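Asker: Return a 3D structure for these sequence lines:
(one chain, ligands or ions: 1)
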Amino acid sequence: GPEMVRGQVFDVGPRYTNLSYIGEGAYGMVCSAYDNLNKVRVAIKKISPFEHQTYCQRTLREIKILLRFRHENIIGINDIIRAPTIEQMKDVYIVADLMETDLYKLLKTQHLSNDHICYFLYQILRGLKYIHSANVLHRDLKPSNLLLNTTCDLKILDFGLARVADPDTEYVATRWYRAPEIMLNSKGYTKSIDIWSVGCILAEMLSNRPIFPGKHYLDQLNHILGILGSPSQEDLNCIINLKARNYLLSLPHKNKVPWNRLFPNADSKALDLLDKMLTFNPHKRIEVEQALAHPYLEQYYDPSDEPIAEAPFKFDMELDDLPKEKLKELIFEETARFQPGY
Ligand SMILES: Cc1cc(-c2nn(C(C)C)c3ncnc(N)c23)cc2ccc(OCc3ccccc3)nc12
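Answerer: Residues are numbered from 1 along each chain as shown. Shown next is the structure:
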């Protein structure tokens, strides 16, 4: 029979053995396992989406994007296991490189020196540069979506909320990393929403504490304005939405808090870059290639070793809202090339 982990079956043998609980991912339980073919311990995520439309849809979408993307700072799929007939397939197991932890857990437990911060930040933007080059917005960068290994290699996870970057909410664990414009007008304008999310992660690395921990929807904007200050007139004039602009004008005045008051031990170049990432106005916010070229990342900056996508990625939006059972069939087809062959 199959091995079991906290009452959950992991029918991944004979190739993968000696399973052990790591944690809960956003889509299912994650265990570590020994790969008997490559002689190495790997991470295996178990996914059970076929009891709902939204899970099947997001599963199919994630498998397609991670299979097309190939970059060292973005999580890759090494293998996929499922039953040989669609009628048996009640679960899907995705296999990936074993890392040590996520940035969420690391920051709850330990200090990061400037070199670790600097190197982690470089890798987030390196990976993000590839994603944005494919015309994709992540829209949910946060510490829990960043995996680290023991040699400080960093990988980005979770394109569940990813979209094309052209002009066009639900439940999420945290709004602490959402850019202000997302709640002030068009639903996540541009690539600057991700740069905002990365700035928030930088701040959190400097202090081990999230910078904008809103306790509810409107509170999130109060946290942001309480540090950045009230928007200037120029910045106010970039808020296109009538109600948003009015709402901003109705709020109490707040003065800017200097960065070196919040982060008194931080490298002044780090705070300079942070200032440019956490700019209220998304049109003035620093872009990924410019951020990589900031003096703070001079040690690692190397545009010959910062690859871009071969082409733009396209999401087939019509597959969304297809019937539960049809999505099950497409996931069977997409996972077929990992089934023992030839
Ligand atoms: C997002 C994600 C995280 C982890 C993971 N999560 N964790 C911890 C944070 C629980 C890890 N620790 C060490 N190594 C790891 N690989 C992990 C394993 C994963 C293993 C497979 C995987 O497949 C991506 C995927 C494919 C299809 C649908 C949804 C997700 N995604 C994983």
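Asker: For the stretch 201-342 of the chain, just list every one of the helices.
Answerer: 217-228, 233-236, 242-250, 259-262, 268-277, 288-292, 324-334 (DSSP state H, counting those that start in this stretch).
Asker: brain fart, the stretch 1-150 of the chain
Answerer: Going by DSSP H, counting those that start in this stretch, the stretch 1-150 of the chain shows helices at 53-68, 103-109, 114-133.
Asker: Quick check: which of those helices is nearest to the ligand?
Answerer: helix 53-68 (3.9 Å; Cβ to the nearest ligand atom). Using the backbone N, CA and C atoms, a C-beta is placed for each residue, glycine as well.
Asker: buried set for that closest one?
Answerer: For helix 53-68, the neighbour count (16 or more other Cβ atoms under 10 Å) marks 53, 55-66 as buried.
Asker: The ligand next: which of those are close?
Answerer: Contacts with the ligand within those, counted by Cβ under 6 Å from any ligand atom: 59, 62-63, 66.
Asker: For the closest residue in space to residue 332 that isn't next to it in sequence, give me the backbone phi and psi.
Answerer: Leaving out its chain neighbours, the residue that sits closest to residue 332 by Cβ to Cβ, 6 or more residues apart in numbering is residue 86, at 4.8 Å. Backbone torsions for residue 86, taken as degrees, to the nearest 10, come to phi -60, psi -40.
Asker: which residues touch residue 86?
Answerer: 328-329, 332 (Cβ atoms under 8 Å, 6 or more residues apart in numbering).
Asker: again with residue 138
Answerer: 128, 131, 156, 159, 161-162, 194, 197.
Asker: Keep only those of these that are in strands.
Answerer: If you go by DSSP state E, these have residue 156 in strands.
Asker: What is the most widely separated pair among the contacts of residue 138?
Answerer: 128 and 161 (14.7 Å; Cβ to Cβ).
Asker: Which one of the two is surrounded by more residues?
Answerer: residue 128 (25 against 16; other Cβ atoms under 10 Å).
Asker: Report the spatially nearest residue to the more buried one, omitting neighbours in sequence.
Answerer: Using Cβ to Cβ, 6+ apart, the nearest residue to residue 128 is residue 288, at 5.5 Å.
Asker: what's that neighbour in contact with, if anything?
Answerer: 125, 128-129, 132, 191, 194-195.
Asker: could I get the residues you listed as TSV with distance to the ligand?
Answerer: Shown next, in TSV, are the contacts of residue 288 (distance: Cβ to the nearest ligand atom, whole Å):
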residue	distance to the ligand
125	20
128	17
129	20
132	20
191	22
194	18
195	22
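Asker: And the buried ones among these, selectable in PyMOL?
Answerer: Buried residues among the contacts of residue 288 (16+ other Cβ under 10 Å), as a PyMOL selection:
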select buried, resi 125+128+129+132+191+194+195
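Asker: a markdown table for the contacts of residue 288, including distance to residue 38?
Answerer: Shown next, in a markdown table, are the contacts of residue 288 (distance: Cβ to Cβ, whole Å):
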| residue | distance to residue 38 |
| --- | --- |
| 125 | 30 |
| 128 | 29 |
| 129 | 29 |
| 132 | 32 |
| 191 | 36 |
| 194 | 33 |
| 195 | 37 |
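Asker: Disregarding residues adjacent in the polypeptide, which is nearest to residue 282?
Answerer: Residue 282 sits nearest to residue 192 (Cβ to Cβ, 6+ apart), 4.0 Å away.
Asker: Pull the number of nearby residues for the one you found.
Answerer: 22.
Asker: That one contacts residue 281, doesn't it?
Answerer: No - if you go by Cβ atoms under 8 Å, residue 192 and residue 281 don't touch, sitting 9.0 Å apart.
Asker: Quick check: closest non-adjacent residue to residue 185.
Answerer: In space, residue 185 is closest to residue 241, 4.1 Å off (Cβ to Cβ, 6+ apart).
Asker: Quick check: that neighbour vs residue 295, distance?
Answerer: 36 Å (Cβ to Cβ, to the nearest Å).
Asker: and what of residue 134?
Answerer: 28 Å.
Asker: and the two? which has more neighbours close in?
Answerer: Taking other Cβ under 10 Å, residue 134 and residue 295 do not tie; residue 134 has more neighbours (20 against 11).
Asker: Disregarding residues adjacent in the polypeptide, which is nearest to that one?
Answerer: Using Cβ to Cβ, 6+ apart, the nearest residue to residue 134 is residue 309, at 3.5 Å.
Asker: Please tell me how far the one you found sits from residue 292.
Answerer: 16 Å.
Asker: just residue 30 next, same as before
Answerer: 30 Å.
Asker: State which one residue of the stretch 151-300 of the chain is found closest to the ligand.
Answerer: Counting by Cβ to the nearest ligand atom, the stretch 151-300 of the chain gets nearest the ligand through residue 157, at 4.0 Å.
Asker: For the nearest residue to that residue once chain neighbours are set aside, the count of nearby residues, please.
Answerer: Distances taken as Cβ to Cβ, 6+ apart place residue 145 nearest to residue 157, at 4.6 Å, with adjacent residues excluded. Residue 145: 23 surrounding residues under other Cβ under 10 Å.
Asker: Now for residue 150: which residues touch it?
Answerer: So residue 150 contacts residue 100 (Cβ under 8 Å, 6+ apart).
Asker: how close does it get to residue 327?
Answerer: 38 Å.
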